[PDB]
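Asker: First the structure, then my questions, so here it is.
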Amino acid sequence: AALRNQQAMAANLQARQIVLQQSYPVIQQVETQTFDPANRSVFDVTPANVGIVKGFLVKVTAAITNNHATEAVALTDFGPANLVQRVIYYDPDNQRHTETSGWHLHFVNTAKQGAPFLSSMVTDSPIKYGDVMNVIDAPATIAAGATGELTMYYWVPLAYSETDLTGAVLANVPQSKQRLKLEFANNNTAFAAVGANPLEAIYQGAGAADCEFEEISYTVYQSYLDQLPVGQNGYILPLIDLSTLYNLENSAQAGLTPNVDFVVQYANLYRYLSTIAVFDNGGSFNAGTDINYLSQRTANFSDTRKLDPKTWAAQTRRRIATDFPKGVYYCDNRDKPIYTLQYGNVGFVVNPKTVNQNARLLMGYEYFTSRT
Amino acid sequence: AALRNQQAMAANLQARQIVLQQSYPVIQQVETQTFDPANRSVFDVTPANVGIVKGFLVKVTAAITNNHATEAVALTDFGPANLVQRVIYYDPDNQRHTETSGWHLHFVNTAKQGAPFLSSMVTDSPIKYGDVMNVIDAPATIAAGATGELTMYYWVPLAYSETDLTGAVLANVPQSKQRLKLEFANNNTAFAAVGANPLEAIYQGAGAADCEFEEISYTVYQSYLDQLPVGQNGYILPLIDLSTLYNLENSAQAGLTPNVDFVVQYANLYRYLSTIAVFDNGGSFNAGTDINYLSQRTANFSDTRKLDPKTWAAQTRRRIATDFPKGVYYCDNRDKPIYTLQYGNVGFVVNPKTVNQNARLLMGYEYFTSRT
Amino acid sequence: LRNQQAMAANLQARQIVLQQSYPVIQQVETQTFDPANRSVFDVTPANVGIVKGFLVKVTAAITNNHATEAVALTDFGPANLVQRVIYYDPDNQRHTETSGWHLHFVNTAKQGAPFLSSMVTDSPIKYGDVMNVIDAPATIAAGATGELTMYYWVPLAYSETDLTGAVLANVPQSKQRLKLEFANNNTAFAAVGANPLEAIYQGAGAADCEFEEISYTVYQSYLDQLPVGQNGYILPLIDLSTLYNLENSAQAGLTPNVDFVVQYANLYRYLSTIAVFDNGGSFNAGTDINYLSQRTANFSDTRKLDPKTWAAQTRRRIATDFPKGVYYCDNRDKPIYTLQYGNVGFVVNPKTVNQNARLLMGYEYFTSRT
Amino acid sequence: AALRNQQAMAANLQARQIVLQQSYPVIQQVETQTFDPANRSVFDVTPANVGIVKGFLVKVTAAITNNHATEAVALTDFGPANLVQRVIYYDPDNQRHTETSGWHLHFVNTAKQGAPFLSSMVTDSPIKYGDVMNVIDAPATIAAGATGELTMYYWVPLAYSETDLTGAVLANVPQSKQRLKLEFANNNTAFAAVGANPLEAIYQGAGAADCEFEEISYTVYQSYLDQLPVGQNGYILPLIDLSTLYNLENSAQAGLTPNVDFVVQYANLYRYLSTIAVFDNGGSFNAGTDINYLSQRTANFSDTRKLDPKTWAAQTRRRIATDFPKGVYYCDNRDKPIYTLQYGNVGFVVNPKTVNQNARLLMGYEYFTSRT
Amino acid sequence: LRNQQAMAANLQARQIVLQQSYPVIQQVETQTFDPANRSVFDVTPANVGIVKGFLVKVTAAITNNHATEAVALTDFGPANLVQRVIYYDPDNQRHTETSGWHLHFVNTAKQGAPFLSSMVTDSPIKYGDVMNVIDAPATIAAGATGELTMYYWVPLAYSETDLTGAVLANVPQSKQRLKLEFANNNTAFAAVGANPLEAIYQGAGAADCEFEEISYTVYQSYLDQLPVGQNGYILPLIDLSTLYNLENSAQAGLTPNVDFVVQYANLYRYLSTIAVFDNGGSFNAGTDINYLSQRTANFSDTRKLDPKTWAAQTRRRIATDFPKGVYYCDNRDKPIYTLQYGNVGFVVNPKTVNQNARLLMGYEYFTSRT
C-alpha cells in the first residue's frame, strides 16, 4: 500500500537516467513557411514521429510596413512576443498539452531561463560580444513609410527540462500524428490604435490603421531523443514521466472592485509550478500603482506571501534578474507546487487599488497533471 | 462458407456500437486561409491524424465586386454552391474517397439532411427565429459598382452518417498524411456572360466580365472520434466499416437525341445509394419540359420507376421537401442500393424531348465499395 | 452491476405502461386577470396516474395608450408573456425552475422547429396560419389594442415515449404546485434604449402601454388506467425516480478576447445548453463573439467554433436560427456529466463587451432524486 | 564482416524491384500560381505526403515586355533556364537534398536525357512533327515595345531515375511536410545591361533597364509511386535507396591565374556522378579559347583525362549529342563515381590561358551520400 | 569492467583532495618589455602540489604616432594581446596549444558570460566597471596613447571542482613550461582593408601605431597540503592521467552552397567546438552562412541549424553572442567521441565565399595520457 508508488518512483527515475545516458539528443527542422497574414494566419504543423519528443523551438520572422502618411507606431510592452497569438499541442493519443497565448509561453520561457529569454546581456567587455545576431529583435518604433524587421523565438515544452523528462511524449505510433497548432498575429491583431487595448498587439500608435505585414515566416525545429535504450523487457522508459502532462494554459477573469480581494481559485488535481497574473486594467498596464497587494492563500484565511507590489516584484527580480513588463506579475511555486489535495483549496489574490472599466486578470499557469 | 461473413457482420456492428458508445465526438478547426483567387485557387489541406475521422465541415466566405459601369449580375441556379469547384479526399494509405464537384457534394448534403442543407425554414412564428446568422447566404443580385458577401458550407463525408461509420477513416499512422484538396472558384469560373453556360458559375449577367473576387476565405473543421475503446485484443474497431469506401463522384456523358432513350450504365462492384442527373441542355436548364421521362432499368427491358418529370419530381419532394434546381434530378436507392451483381447490369435513363447543341448529362453518384 | 437488471426492468415496465395505459389531456384551470392587480399564480394539478406535463395557453390584450408613438415586438415577443415557471411534485421536490423564454426555446429544440409554428409552403390548398396558435402583432400603433396567444409545454416526462422525469400522482393526496409568474405592466414594455430581454414590446410609446387583461388555461397531460401485475402497479422505477428539469442562471465578468467559462455542476446529466449574450441590452447576430465552445479541464475543447459554424450545428437541430444573441448546444446523445464539479465548462470568448454584459444560461438535465 | 552489406545490397535491390513491379506510378499537380515578380519571387511549395516520391516536374511560363523606347534585348546563353534562380528541397525529416541554381539543374536534366532537355530535334520528315507545342521556348530577341512569352521546365530529382530509386523519399509521415523552395528570377536578375555579367540573366541588351516581367506562372507536378507493396513484415522497401541522398549542389571558387593549374577539390564521403564547371571569365563566356586544358586528377600528380578544350568537348558531344553553352564544361563519372575514400583526394582542374578581372569557376555537382 | 572500481576510487580521491588540501594562487613571474625587442617568453611554473591553472594578466600601452588618422578596436581587440599559448608538463607532455583569442572564448564559455566582464544593471549603488579588469579604448586617436588590460586563464584542471587534467608537480624537479607569444608591432595593427583577425586595432593610422610597452604577470593556482593515507598521497589517478587541452586548427576549401566538413579525430572527447568563418578578412553576422551542423557518417545531422537558431543555443550558454563570424557549440554533457577517425564532423554550408576564405577551428577536449 503506497509502497508500490515508492517503487514506481524509483523505477521511473532509474529509467529516466538510463534514457538520458544512452539516447542521443537531436534538434531537427520539421517545417518552414513564409506567408502573407492577409491570406492566412492559422497553421497546423505535423511533427515527426521519432523517439521521445522534448519540445519545439519555433523561429518567427516578420516584415512590417507602416504605410501611414505621417504617424509612427511604437512597440507595445509585449511587442514581438505577440507574433504568435496562440499555441496548442496535441500528442499522438490526441491529448492536449500546452494551450496558451504566445505572450504567456514567452514569459514562462523567460522564467525558466532565469533571464529574458534568449536575450543578450550588456557588459563592459571591450571584446565585441553583444547583440551580434539579433536572435530576438524588433525596432522600438516604425516611422511613417518605414519597414521594420522582427525576429522572435518560442520554446514549446513537452518535457519539463533537459534533465527532467516529466511531460515528454513518446511518438512512435505510426499513423497517429502529433499536432502543433500555431495561430499567428495578423493585420487585425498586431496593430493597436491610440487608446485601444495593446495587450495582444505588437505595435501601437497614431499610424496603426495603415500598418501591415509584408510577410511572416516560421520554422519549427523539433527536439527529441533518438537511439532509445533497450533492455530485457524491451524499451527502458520512465513510465511516470511519459504518462504525465506538463502544460501551460491561460484564462481570463473579471469582476474586480477597488479595495476588495479578487480571488482566482486553483483547480484540484493539477500541480501548479508557476502562476502569472496580468492586470489588464481596461487597456491600461501600470507598474504596480493600481494594486494594494497580491497574495496566495490556502483559504482558511491564511496568506503565505501577501505582499505590496514592489516587494512582490523584488521576489521576481531574484528569479529573472529584472522585472516582467508593466502589469505582469509572476509567482514561482516550483519546489512546492500548489496542489489542492495536500493543502486544501488555494487561490491567487489581487486586491486592486484602482479599477478601470473592462478590467480583468489574465492568468497564466504552468502545471503537471496525470494523463489518467 | 458465407457464414464467416455473417459473423464478420455481427462483429463489425458490435464494434461499431462500442466505438460510438465509448468514444467522444470532437469537431476541431484544422486550417483557415484568406486568399485572392487571382493569385491562387487550389489548396491541399493536411488534416490531423487523430482517431477515427468522420468528415470535414468546410466554411467558405467571399466578397465579390461587380465593377461594371452599368450592368448587374444575378445568381445562377447553383450560386454559392459553386464557390468550391472540386473536392477530392485521400486517406493515409493514399486511397481516393470522394472526388466530385462542389455542386454535387452540396446536393448530396441536402439529400441527406432531408431539406436544403443548413437552410432556415420560414414560419409564422412571432418569436424572432429566422435567417439570423446567414449560415448559407448570397445576394440575389450584385448591382453595377456593388460588392456582395457570400457564405457557403459543405460537409465532406467519410463516414456515411453520425451513427453509421461505414466509410470512416482510421488516421493513426504517423508520417502518413490524409489530404483534402479544394479547387475553388476564381475569376474565370465564377462569372458567366449572358448566353454562356451558367453550370459552374456563381453569378451570370451583363456585368459579368467586370466582376471579380476581392477575396475568398475558408476554414476546415475536422470531425472525429477520440478516446477510442480498447479491449483484450487492443483497439475495438469495426473492420468492415473502416475498410469500406463511402464516396461521391461525378461524370459527364453526351450523345442525346430527341425521343431516344439515353442510358448511363452503373458500374459493377459499387453499391449506389443515390444518383443525381443534371440535364445541361447546351447551357439551358429547364424545369422538366425538355424531358419525356426518366427511369432506372435493369436491362432486360425492365423499368422500376419510369416516370414523367413531374411525377419524378414528386418523389423527390418526399425526400427533401422541395425541388432541386431546374434540370437537376434526384434518385434515392438508399434502402436497396443499385448493385449490378445482385440485379445484373442497370442503367439510369433519360429520354429527352428537346436536345440543344452541346447537350450532356452530368451524373453524380453516392456509393459504397470495398477498399480491396 | 445489478444495474443492467434494474435498467432492463425499468425499460420493460415503461413499455408496459405506455402499451396498457391511456393518454389524457385535460383542462385543470382557467383564469382571466389584470396584471395591475396580480401576476403570480399557483396552479394545483390533479393527482391522477402518471403526469407527463402541462400545456399552458396564454392569451393577452395589450393597449398602446400613447398619443402618437407605436411599439414593436422584441426578439422574444410573446415568449415573455410568462416570466417564470416553477414546478413542485407531491414530495415537495422541485423539477423545472426557469424563465418563460428559456422554456420556450427548449420546447422549440425538442420539436425540431419553432414550437407550434406553421411552416410556409407553396401549397395551393389553403393550409397556413389559419388558427394563429402562437401569435402576436408585429407592432401595436398608438391607440391600438393587440391580441396575443402563446403556448408553453412544461415537461415532467422527457417525451411521449421516454417517461424519465414523469411524476406518479395517484400517490398521496399531497398537492402538486405549478407556479406561474406572468408579465406585467412593468416587465412587458421597454422604452427605446432600454434592455428588451424580458419585454414583449419595445418602442417610443412603451411608457403608455398596458395590459387590458391576460388569461391562461392549463391542460394536464397524464397516463390513466395504469397496468397492474402480481406485486401491483407495473412501474418504471428509474424513470419515476429521475428528475428531468430545466433551470436558468446568470453569469457576468466578460472581457474582450478572454475565455469566459461557465462551469457545469457534477451529478447532473446536461442534455442541452442555451447561452444568451445580453451584451448590455444589445443582442447581436454573432458579431460580438470570437468563438464558443465546450471544454474539459486538461483535454481542451470538443467543439470550439466560430459563431456562424456554431449556428450551422443549430440549424441542423431546429431548421432555422434562434433569435439574435441566443446560442444553443445539443448534448442529448452524450450528456455532459462531470462527476467532479467543473470538469467541463461552456465557453464564450467575446469580441466586444458592453457595460452590464452577461450570459444568461439555460439548462436541460437529468438527475436522480437521490 | 562486410558480408552483412553484401546481403543488405541484395535485399535492397530485391525490394526496389518488387516496389517497381507492384506500385503504380502517378504524376499529379500539387500547386499552380501566377504572380508579379515585382511583388514576390520566392515561394515555398508543400508537396503531398503520398508513398515514395521520385521528383517534381516544374512548369514555368512568363511574359516579358521590353519597354525601352528604342533598344532591343537578346537571350543570354542560359536564357529561360534562368527563370528559376535557385531550387532547394527538404524531405519530411527536414534533411536537405538538392540545393542548386536553375541553370545547373537544367544542365543536369540535359545530361541525363542525353540531349537538350525536352528539346525538339530537327529532321527531314515531311510529316509535320517539329516544335508544335513549344515545351521549352523563348524568343531570341524582344524588340523595343514588344512582349515575349517564355516556357521552361525543370525536373527536380529525388530518385536517381525511373528505375533506380536511390535518393527517393518516403513521404508517409503525417504532420511532417516536405518543402520545395523556388527562388524565381525577378526584374533585378533577369535583365543584364550591355557589359554587365549575363550569367544569371535571361535577356541582355541595350534595352535591358526598361524590361520587366508582366507575370510569371508556375505549376508543380509531383511524381510518386502509389499502392506500395506489403509483405509479412509490412511494407517492402529498399532501405538503402530510401536512406541515400541523391543531390545536386553548386559552388563558386576564385583565384585563377594564367597558365597555373586551378584545382577544385572534391569533398570526401560524397560519390560524385557528374561535374559541371562554368568559367565565368569576369562576365565573358568563351568557347574554350581562354583555357589551356581541363582535367581530373587523383593528386599524386596523376591525371585521368587531361584534355585540351576541344577534345574535352568531344567527350561531351558523345553524352548529349551537342555542346553545352560557351564556357560550360561537363564531366561524366556515372559508372565510376569520384569517391575520395577509394582513390584518395581528387580534384577538378582548369588551367586557364586568359584570366579577366573577377574571374571564377562555378561548379555544379551531382552526387550520392548517406543520410547518416 | 574493473572500471567502475577505478572511477569510484578516482572520484573519492578527488573529493578527499578537495576537502583536505588548501587552494593557493601565487604570483610566479612578472615582466615588462618592448615588443620591438622580443615577444616570446617561456615562464617556469613552481613545482608544488597539484597545479590547476594559470591566470595571466597582460597590460599594454599603445601609441598611435600617426599624424592625423585614428584606429579602432577589432572585434577581438585586447583578446589578441597574447597570440599563442603552449603548456608542457613535467613529463614533457603538451596540454593546451592554442591562440589567445580561442583561449579567451573558452574562458567565456566556461564562465557562462563574457570572461571577467562587468554586467550593467539599474542599481543606484555604484557597482559597475570600477576596476577595468579587462579593458581597452574603443579608439586611439592620432597622437594618443591607450592603456589596455587583458586576463586569460590557462586551464590544466577542468574546473575548481573537477580535477580532470590537473598536473601533479610536487613530483620530479623536471620543469614545467608555460610558453607565451605576445602581440607585436607586426600583428597588433591592421591597415584599412587588411584582415583584422589577429589584430588589436585597425584603421587609417595603423602603419604608425606601436607598443610603448607590454607587461605580464602570471599567477599560478594550485592545491597544497595534499592528503596522505596508508599507501601515501591520496590522489585521483584518472584525473591526473587525463589531459584537458584546448587546440586550434585552420581549414580551407569552402565553396558556396556545398557542405564544408571538418572531421573530428578519434580518441579525443570533444567538450566544445568553436568555428570562426574568416571570409577572406570579412567577418559577418551569419549572413554568409546557410547553416551549421554536427554530423555522423550514415546517421545525418544531430543539429543542422540556420545561423540565428545556432546563435540562440549559444545565447543560452553565454548570455550574449560571440563576435561576428564566431560560432560556438557545447557538447559538454555528451562529448563528441568517434572511436573511428571522422565518424563525426563539424559542418558549415556557406552562402558566400570570398577569396582566401577559411574556418579557424578551436577545440576543448579530454584524452588519456596513454
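Scheme for the C-alpha cells: letters A, B, ... for chains in order shown; per-chain residue numbers from 1; ligand numbers from 1 in order shown.
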Give as a count of residues only every residue of chain E that touches chain D within 12 Å, counting only C-alpha atoms.
Answerer: 41
Asker: Residues of chain A within 10 Å of chain B, using only C-alpha atoms, as a count of residues only?
Answerer: 33
Asker: List every residue of segment 88-221 of chain E that DSSP, applied to the backbone of this structure, assigns to strand (DSSP E or B), and report them as a VMD selection string.
Answerer: chain E and resid 88 94 to 99 119 135 139 to 140 145 to 155 167 to 168 177 to 182 189 to 190 201 to 202 209 to 221
Asker: With C-alpha atoms retained, could you export that selection as a PDB file, in the first residue's frame?
Answerer:
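See selection05.pdb below for the written result:
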```pdb
ATOM      1  CA  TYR E  88      54.275  21.421 -21.296  1.00  0.00           C
ATOM      2  CA  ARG E  94      51.850  19.098 -24.060  1.00  0.00           C
ATOM      3  CA  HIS E  95      48.422  20.103 -22.884  1.00  0.00           C
ATOM      4  CA  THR E  96      46.928  23.292 -24.329  1.00  0.00           C
ATOM      5  CA  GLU E  97      48.397  24.671 -27.582  1.00  0.00           C
ATOM      6  CA  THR E  98      46.118  27.348 -28.974  1.00  0.00           C
ATOM      7  CA  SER E  99      45.588  31.017 -29.865  1.00  0.00           C
ATOM      8  CA  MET E 119      27.355  43.333 -16.198  1.00  0.00           C
ATOM      9  CA  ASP E 135      39.641  46.955 -20.743  1.00  0.00           C
ATOM     10  CA  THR E 139      39.631  54.069 -30.427  1.00  0.00           C
ATOM     11  CA  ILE E 140      43.095  55.584 -30.095  1.00  0.00           C
ATOM     12  CA  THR E 145      48.346  56.567 -26.152  1.00  0.00           C
ATOM     13  CA  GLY E 146      45.839  53.983 -24.942  1.00  0.00           C
ATOM     14  CA  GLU E 147      46.124  51.662 -21.935  1.00  0.00           C
ATOM     15  CA  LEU E 148      44.847  48.080 -22.147  1.00  0.00           C
ATOM     16  CA  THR E 149      44.327  45.246 -19.665  1.00  0.00           C
ATOM     17  CA  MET E 150      43.598  41.616 -20.537  1.00  0.00           C
ATOM     18  CA  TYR E 151      43.325  38.417 -18.498  1.00  0.00           C
ATOM     19  CA  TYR E 152      43.498  34.785 -19.660  1.00  0.00           C
ATOM     20  CA  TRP E 153      43.017  31.627 -17.635  1.00  0.00           C
ATOM     21  CA  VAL E 154      45.153  28.753 -18.917  1.00  0.00           C
ATOM     22  CA  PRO E 155      43.441  25.651 -17.518  1.00  0.00           C
ATOM     23  CA  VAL E 167      49.037  18.263 -13.031  1.00  0.00           C
ATOM     24  CA  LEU E 168      50.906  16.743 -10.075  1.00  0.00           C
ATOM     25  CA  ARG E 177      56.968  25.207 -19.430  1.00  0.00           C
ATOM     26  CA  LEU E 178      54.273  27.861 -19.983  1.00  0.00           C
ATOM     27  CA  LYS E 179      55.118  29.416 -23.341  1.00  0.00           C
ATOM     28  CA  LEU E 180      53.550  32.759 -24.231  1.00  0.00           C
ATOM     29  CA  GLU E 181      53.794  34.575 -27.537  1.00  0.00           C
ATOM     30  CA  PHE E 182      52.606  38.172 -27.340  1.00  0.00           C
ATOM     31  CA  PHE E 189      47.733  46.744 -36.051  1.00  0.00           C
ATOM     32  CA  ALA E 190      45.751  46.221 -39.233  1.00  0.00           C
ATOM     33  CA  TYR E 201      43.369  47.803 -33.629  1.00  0.00           C
ATOM     34  CA  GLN E 202      42.541  48.563 -37.256  1.00  0.00           C
ATOM     35  CA  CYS E 209      50.903  52.587 -34.292  1.00  0.00           C
ATOM     36  CA  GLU E 210      53.330  50.895 -31.928  1.00  0.00           C
ATOM     37  CA  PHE E 211      53.588  49.396 -28.484  1.00  0.00           C
ATOM     38  CA  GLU E 212      55.122  51.692 -25.883  1.00  0.00           C
ATOM     39  CA  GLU E 213      55.456  48.525 -23.787  1.00  0.00           C
ATOM     40  CA  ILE E 214      53.774  45.334 -22.603  1.00  0.00           C
ATOM     41  CA  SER E 215      53.804  43.763 -19.155  1.00  0.00           C
ATOM     42  CA  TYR E 216      52.567  40.407 -17.920  1.00  0.00           C
ATOM     43  CA  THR E 217      52.156  38.762 -14.558  1.00  0.00           C
ATOM     44  CA  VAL E 218      51.473  35.057 -14.239  1.00  0.00           C
ATOM     45  CA  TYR E 219      49.644  33.742 -11.182  1.00  0.00           C
ATOM     46  CA  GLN E 220      49.731  30.003 -10.518  1.00  0.00           C
ATOM     47  CA  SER E 221      46.722  28.289  -8.938  1.00  0.00           C
TER      48      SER E 221
END
```
Asker: Please provide the set of residues having any atom within 10 Å of residue 312 of chain E, restricted to only C-alpha atoms, with same-chain residues fewer than 6 positions apart removed, written as a list in words.
Answerer: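 Once the nearby chain positions are removed, what remains is residues 57, 59, 117, 118, 119, 120, 133, 134, 135, 136 and 153 of chain A; 306, 319, 320 and 321 of chain E.
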Asker: Identify, on the basis of only C-alpha atoms, every residue whose closest approach to residue 214 of chain B does not exceed 7 Å; exclude the query and any residue fewer than 5 positions from it along the same chain; express the result as an MDAnalysis selection string.
Answerer: chainID B and resid 36 63:65
Asker: Any chance you could export the current selection's N, CA and C atoms as a PDB file, in the first residue's frame?
Answerer:
```
ATOM      1  N   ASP B  36      -6.562  35.633 -52.509  1.00  0.00           N
ATOM      2  CA  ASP B  36      -7.078  36.322 -53.675  1.00  0.00           C
ATOM      3  C   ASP B  36      -7.072  35.285 -54.791  1.00  0.00           C
ATOM      4  N   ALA B  63     -16.094  37.823 -50.986  1.00  0.00           N
ATOM      5  CA  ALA B  63     -16.574  39.172 -51.259  1.00  0.00           C
ATOM      6  C   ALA B  63     -16.376  39.303 -52.766  1.00  0.00           C
ATOM      7  N   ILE B  64     -17.444  39.650 -53.469  1.00  0.00           N
ATOM      8  CA  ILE B  64     -17.405  39.786 -54.918  1.00  0.00           C
ATOM      9  C   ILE B  64     -17.849  41.196 -55.287  1.00  0.00           C
ATOM     10  N   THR B  65     -17.051  41.876 -56.101  1.00  0.00           N
ATOM     11  CA  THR B  65     -17.419  43.217 -56.524  1.00  0.00           C
ATOM     12  C   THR B  65     -17.734  43.198 -58.003  1.00  0.00           C
TER      13      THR B  65
END
```
Asker: What lies within 12 Å of residue 138 of chain E using only C-alpha atoms, ignoring chain neighbours under 3 positions off, as a PDB file with N, CA and C atoms, in the first residue's frame?
Answerer:
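See around-v3.pdb below for the written result:
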```
ATOM      1  N   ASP A 124      30.641  45.503 -19.836  1.00  0.00           N
ATOM      2  CA  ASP A 124      31.725  46.444 -20.141  1.00  0.00           C
ATOM      3  C   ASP A 124      32.817  45.784 -20.997  1.00  0.00           C
ATOM      4  N   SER A 125      32.590  44.563 -21.475  1.00  0.00           N
ATOM      5  CA  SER A 125      33.659  43.903 -22.241  1.00  0.00           C
ATOM      6  C   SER A 125      34.079  44.642 -23.507  1.00  0.00           C
ATOM      7  N   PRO A 126      35.400  44.880 -23.672  1.00  0.00           N
ATOM      8  CA  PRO A 126      35.889  45.573 -24.869  1.00  0.00           C
ATOM      9  C   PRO A 126      35.844  44.643 -26.089  1.00  0.00           C
ATOM     10  N   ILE A 127      35.877  43.328 -25.833  1.00  0.00           N
ATOM     11  CA  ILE A 127      35.791  42.314 -26.890  1.00  0.00           C
ATOM     12  C   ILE A 127      34.359  42.459 -27.417  1.00  0.00           C
ATOM     13  N   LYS A 128      34.192  42.381 -28.735  1.00  0.00           N
ATOM     14  CA  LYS A 128      32.887  42.644 -29.311  1.00  0.00           C
ATOM     15  C   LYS A 128      31.734  41.649 -29.249  1.00  0.00           C
TER      16      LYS A 128
ATOM     17  N   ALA E  70      43.135  57.918 -36.894  1.00  0.00           N
ATOM     18  CA  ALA E  70      42.934  57.100 -35.703  1.00  0.00           C
ATOM     19  C   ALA E  70      42.809  55.630 -36.076  1.00  0.00           C
ATOM     20  N   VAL E  71      42.687  54.782 -35.056  1.00  0.00           N
ATOM     21  CA  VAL E  71      42.468  53.355 -35.258  1.00  0.00           C
ATOM     22  C   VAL E  71      41.391  52.968 -34.245  1.00  0.00           C
ATOM     23  N   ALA E  72      40.692  51.876 -34.520  1.00  0.00           N
ATOM     24  CA  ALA E  72      39.636  51.410 -33.628  1.00  0.00           C
ATOM     25  C   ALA E  72      39.808  49.924 -33.354  1.00  0.00           C
ATOM     26  N   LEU E  73      39.322  49.490 -32.200  1.00  0.00           N
ATOM     27  CA  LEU E  73      39.402  48.082 -31.839  1.00  0.00           C
ATOM     28  C   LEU E  73      38.826  47.155 -32.887  1.00  0.00           C
ATOM     29  N   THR E  74      39.484  46.020 -33.077  1.00  0.00           N
ATOM     30  CA  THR E  74      38.976  44.986 -33.972  1.00  0.00           C
ATOM     31  C   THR E  74      37.920  44.255 -33.106  1.00  0.00           C
ATOM     32  N   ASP E  75      37.237  43.264 -33.669  1.00  0.00           N
ATOM     33  CA  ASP E  75      36.239  42.508 -32.903  1.00  0.00           C
ATOM     34  C   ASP E  75      36.860  41.772 -31.707  1.00  0.00           C
ATOM     35  N   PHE E  76      38.101  41.283 -31.848  1.00  0.00           N
ATOM     36  CA  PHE E  76      38.738  40.559 -30.744  1.00  0.00           C
ATOM     37  C   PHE E  76      39.493  41.508 -29.815  1.00  0.00           C
ATOM     38  N   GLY E  77      39.937  42.642 -30.351  1.00  0.00           N
ATOM     39  CA  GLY E  77      40.607  43.630 -29.519  1.00  0.00           C
ATOM     40  C   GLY E  77      41.695  43.141 -28.586  1.00  0.00           C
ATOM     41  N   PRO E  78      41.597  43.442 -27.281  1.00  0.00           N
ATOM     42  CA  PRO E  78      42.627  43.003 -26.331  1.00  0.00           C
ATOM     43  C   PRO E  78      42.802  41.493 -26.204  1.00  0.00           C
ATOM     44  N   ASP E 135      39.981  45.629 -20.250  1.00  0.00           N
ATOM     45  CA  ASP E 135      39.641  46.955 -20.743  1.00  0.00           C
ATOM     46  C   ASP E 135      40.528  47.396 -21.895  1.00  0.00           C
ATOM     47  N   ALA E 141      43.104  57.873 -30.887  1.00  0.00           N
ATOM     48  CA  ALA E 141      43.238  58.940 -31.871  1.00  0.00           C
ATOM     49  C   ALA E 141      44.694  59.209 -32.230  1.00  0.00           C
ATOM     50  N   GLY E 146      46.902  54.675 -25.654  1.00  0.00           N
ATOM     51  CA  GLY E 146      45.839  53.983 -24.942  1.00  0.00           C
ATOM     52  C   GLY E 146      46.400  52.903 -24.033  1.00  0.00           C
ATOM     53  N   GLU E 147      45.713  52.664 -22.919  1.00  0.00           N
ATOM     54  CA  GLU E 147      46.124  51.662 -21.935  1.00  0.00           C
ATOM     55  C   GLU E 147      45.138  50.495 -21.961  1.00  0.00           C
ATOM     56  N   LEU E 148      45.669  49.283 -22.061  1.00  0.00           N
ATOM     57  CA  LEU E 148      44.847  48.080 -22.147  1.00  0.00           C
ATOM     58  C   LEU E 148      45.151  47.080 -21.051  1.00  0.00           C
ATOM     59  N   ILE E 200      44.667  43.911 -32.873  1.00  0.00           N
ATOM     60  CA  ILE E 200      44.013  44.541 -31.728  1.00  0.00           C
ATOM     61  C   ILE E 200      43.292  45.815 -32.207  1.00  0.00           C
ATOM     62  N   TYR E 201      43.955  46.586 -33.072  1.00  0.00           N
ATOM     63  CA  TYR E 201      43.369  47.803 -33.629  1.00  0.00           C
ATOM     64  C   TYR E 201      43.494  47.817 -35.148  1.00  0.00           C
ATOM     65  N   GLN E 202      42.531  48.452 -35.801  1.00  0.00           N
ATOM     66  CA  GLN E 202      42.541  48.563 -37.256  1.00  0.00           C
ATOM     67  C   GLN E 202      42.111  49.977 -37.617  1.00  0.00           C
ATOM     68  N   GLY E 203      42.686  50.523 -38.682  1.00  0.00           N
ATOM     69  CA  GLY E 203      42.304  51.867 -39.073  1.00  0.00           C
ATOM     70  C   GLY E 203      43.360  52.546 -39.914  1.00  0.00           C
TER      71      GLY E 203
END
```
Asker: Counting only C-alpha atoms, what is within 10 Å of segment 327-340 of chain D, bar same-chain residues fewer than 4 positions away, as a compact mmCIF listing (two decimals) with C-alpha atoms, in the first residue's frame?
Answerer:
```txt
# COMPACT_ATOMS: atom_id res chain seq x y z
CA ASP D 77 23.38 31.82 -73.28
CA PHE D 107 22.19 21.20 -67.47
CA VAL D 108 21.89 18.02 -65.39
CA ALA D 111 22.93 15.36 -69.28
CA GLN D 265 38.94 19.55 -54.50
CA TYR D 266 36.14 17.01 -54.28
CA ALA D 267 34.97 16.52 -50.67
CA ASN D 268 35.17 13.11 -49.02
CA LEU D 269 32.20 10.79 -48.41
CA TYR D 270 30.27 12.06 -51.45
CA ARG D 271 30.12 9.83 -54.53
CA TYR D 272 30.26 12.31 -57.42
CA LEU D 273 28.34 11.21 -60.52
CA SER D 274 28.94 14.32 -62.66
CA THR D 275 30.73 17.62 -62.53
CA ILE D 276 29.95 20.84 -64.35
CA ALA D 277 32.41 23.74 -64.40
CA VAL D 278 31.41 27.13 -65.75
CA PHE D 279 34.29 29.51 -66.45
CA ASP D 280 32.74 32.90 -65.74
CA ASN D 281 35.75 34.85 -67.00
CA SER D 284 32.88 36.83 -70.55
CA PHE D 285 31.96 33.29 -71.58
CA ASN D 286 34.30 31.86 -74.22
CA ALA D 287 34.23 28.74 -76.36
CA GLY D 288 37.34 27.14 -74.84
CA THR D 289 39.74 29.81 -76.14
CA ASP D 290 40.58 31.07 -72.63
CA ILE D 291 41.61 27.59 -71.42
CA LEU D 294 40.90 20.72 -68.13
CA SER D 295 41.42 17.55 -66.13
CA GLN D 296 40.51 15.36 -63.19
CA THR D 298 43.83 12.00 -58.04
CA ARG D 305 41.72 12.79 -68.57
CA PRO D 309 39.11 22.13 -74.56
CA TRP D 312 37.05 17.65 -73.70
CA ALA D 313 34.06 18.99 -75.67
CA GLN D 315 33.65 13.64 -74.95
CA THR D 316 30.61 15.72 -74.03
CA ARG D 317 29.22 15.53 -77.59
CA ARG D 319 26.96 12.29 -73.98
CA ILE D 320 24.43 14.96 -75.03
CA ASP D 323 27.93 21.16 -76.88
CA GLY D 344 42.39 9.40 -52.24
CA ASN D 345 41.78 13.10 -52.68
CA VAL D 346 40.77 14.08 -56.19
CA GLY D 347 40.33 17.45 -57.79
CA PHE D 348 38.83 19.02 -60.89
CA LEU D 361 34.72 28.87 -61.70
CA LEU D 362 31.13 27.98 -60.88
CA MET D 363 30.94 24.29 -60.06
CA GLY D 364 27.87 22.08 -60.24
CA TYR D 365 27.84 18.59 -58.75
CA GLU D 366 25.58 15.59 -58.87
CA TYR D 367 26.24 13.10 -56.03
CA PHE D 368 25.04 10.29 -53.73
```
